[PDB]
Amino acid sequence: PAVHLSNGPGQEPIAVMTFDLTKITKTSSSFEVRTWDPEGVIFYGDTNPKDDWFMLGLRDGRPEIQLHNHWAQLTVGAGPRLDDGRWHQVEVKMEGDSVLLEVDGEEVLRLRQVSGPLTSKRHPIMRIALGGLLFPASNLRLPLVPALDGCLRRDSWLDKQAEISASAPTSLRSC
């Protein structure tokens, strides 16, 4: 079952999941994405919209991560273009103080020394928004137009056991 990463204008996310960081036993996520869209947000996450946020998106067809927290502030592009209309497996996880990005089974990016343990964040609640941000795009380190015209499927986010709740503005439109 595949869902549309964009719905309507393409402003707000198609879904927001909230997690209790003190209950996480897994700090990784994975999913498949397919699109012809060269720019947009795949997912945004934060423990604090001002002080500790993260965004994985596409720019010029390639993955881009923006991260802003106490330890690091960055805007980094990496990996092959994914806007070739084919399904691509994507994994994002924490490994020690690093954030690793794997695409189609290959590690394409490792942001080192960027964060303390998820389970140790001052604000023990993490939000994960799909297909959109939880603040205006103008507030990104480097703005981009969030709308991502693509499909998401086979997605797993951290541990379902740590998930506090999940919301969706409109009905998840299938692909």
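The term rigid core refers to the most C-alpha atoms you can superpose between the two forms while keeping them within 1.5 Å. Heads up: residue numbers just count along the shown sequence, starting at 1.
Novice: Which segment is farther from the shown form on average in 6 other deposited structures of this protein after a rigid core fit, 57 to 65 or 109 to 117, going by CA atoms?
Specialist: Stretch with the higher C-alpha RMS distance in 6 other deposited structures of this protein: 109 to 117.
Novice: Are coordinates for residue 122 absent in a third or more of the other compared PDB entries?
Specialist: Yes: coordinates for residue 122 absent from at least a third of the compared entries.
Novice: Averaging CA B factors per stretch from the PDB record, which one is higher: 92 to 100 or 72 to 80?
Specialist: Higher mean C-alpha B-factor: 92 to 100.
Novice: Pick between 45 to 53 and 58 to 66: the one whose mean CA B-factor in the entry is higher.
Specialist: Stretch with the higher mean C-alpha B-factor: 45 to 53.
Novice: Which of these, 30, 139, 120, 113, has its C-alpha atom at the highest B-factor, as the entry lists it?
Specialist: The record points to 120.
Novice: Among 124, 143, 131, 38, where is the Cα temperature factor highest, going by the PDB entry?
Specialist: Spelled out: the listed residue with the top C-alpha B-factor is 124.
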